[PDB]
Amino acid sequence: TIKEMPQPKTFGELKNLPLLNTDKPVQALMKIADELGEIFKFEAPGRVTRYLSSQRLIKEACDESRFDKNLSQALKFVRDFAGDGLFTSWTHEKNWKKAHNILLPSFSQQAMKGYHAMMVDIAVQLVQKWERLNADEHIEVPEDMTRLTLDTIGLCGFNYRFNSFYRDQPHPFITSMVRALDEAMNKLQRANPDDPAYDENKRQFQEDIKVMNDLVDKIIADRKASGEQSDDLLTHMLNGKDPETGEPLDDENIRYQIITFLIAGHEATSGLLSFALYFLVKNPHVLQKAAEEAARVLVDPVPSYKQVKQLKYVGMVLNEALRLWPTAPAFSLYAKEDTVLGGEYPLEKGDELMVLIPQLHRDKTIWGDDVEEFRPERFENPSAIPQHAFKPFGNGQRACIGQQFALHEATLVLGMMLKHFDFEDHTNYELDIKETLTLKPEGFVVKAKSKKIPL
């Protein structure tokens, strides 16, 4: 029963483009998704995209023999500074498989034991910052969670300390980075390269890239000159060789990997932590369950790797937050060959499909009718969840390599926050989701009363 594909209103040669001409594109798309259903054709002047929203179709899109990772327009733009790092390479580019094969064992759950001490370091700095606040001062959740993630990836990545908790103005690198990312997203909604985009922006963009390249390159050069063997990712990349080709990574790719770990990892992981706290503070009974587990398990001044794995309920909290608002809301796919989706919608070779994750997670057919409710218990038995119903980390060989890293950190940090402080939503915050490459709660502020437990 092949059905015709819907489409929202168009604007001449500008097509549906104006439809997403807003500061909250993904959220608008979810709205359109509600109206048009599990699949719609979004057309732009010289680009076509089909957005999927149902587990029915998406489980078919996740068939790797039929569809493969497509570099969306945004990724192409991000490639200007992330080059051929894992995130912005095609599956068929030689450096994708090389870096993938080498980095894989370094991102396993087992490998987290080696990064744990470095994760604890930045975690304790966050707790102490909060411990030292004068009672009357509040906390800027997204802002602190961001400082937490940048520093953790910097330390675990290339053993470099950005020291974000010692300054107002971030390290110039981070500034150039957020700015480059910002610009990258701006080109996406550019009317044309001279509206607004002018030589001034392009100049700035090229300067930011220099700042990032200079720092990373130097660090890479120094490491191989000194010959230092730390437990960071840079060490693994300098001493690794692809089992297949027998080749090591080039210094430039290595640099791109490091930049990739930062741009791809920080915003999403900080967003995750913000939403989880948001939901916890809005659902007292859940917070009470989590705080008790945390106090019950984290019996030492500093969390051990083993202990973090015993925080079962906190894990459920993170997953449920990931269900409701996946911080990386979408990923693109293209058809390797002509085919039909759900035996209804015909697809041609190279057609792009954009998976709308937030909509996938709201599929009443899989999640029941209480999809908008925050209930961690629904992940009590993950094995009861259908395949391809929960995809916050992408699909297949192209899924987030930093998944275990993200979850281990988020679980460590949340556990420590719930153990040392009681949180107060003193302003009865109303959720405003800011969108960049990721999703994050804009302006979320809270107040934390310490339980005076030592670190």
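Heads up: residue numbers just count along the shown sequence, starting at 1.
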Greater mean Cα temperature factor according to the PDB record, 357-365 or 157-165:
357-365
Test of understanding: from the entry's C-alpha B-factors, which stretch has the higher mean, 270-278 or 216-224?
216-224
For the CA B factor values reported in this entry, which option in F42, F423, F390, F405 has the top one?
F42
Reading the B-factor column of the entry, which of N428, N70, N395, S53 has the highest value at its C-alpha atom?
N428
Going by the entry, which third of its chain does the Cα temperature factor of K210 land in?
highest
How does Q307 rank on Cα B-factor within its chain, lowest, middle or highest third?
middle
Looking at the C-alpha B-factor of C400, is it in the lowest, middle or highest third of its chain?
lowest
Where does the C-alpha B-factor of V413 rank in its chain, lowest, middle or highest third?
lowest
Is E140 in the lowest, middle or highest third of its chain when residues are ranked by C-alpha B-factor?
middle
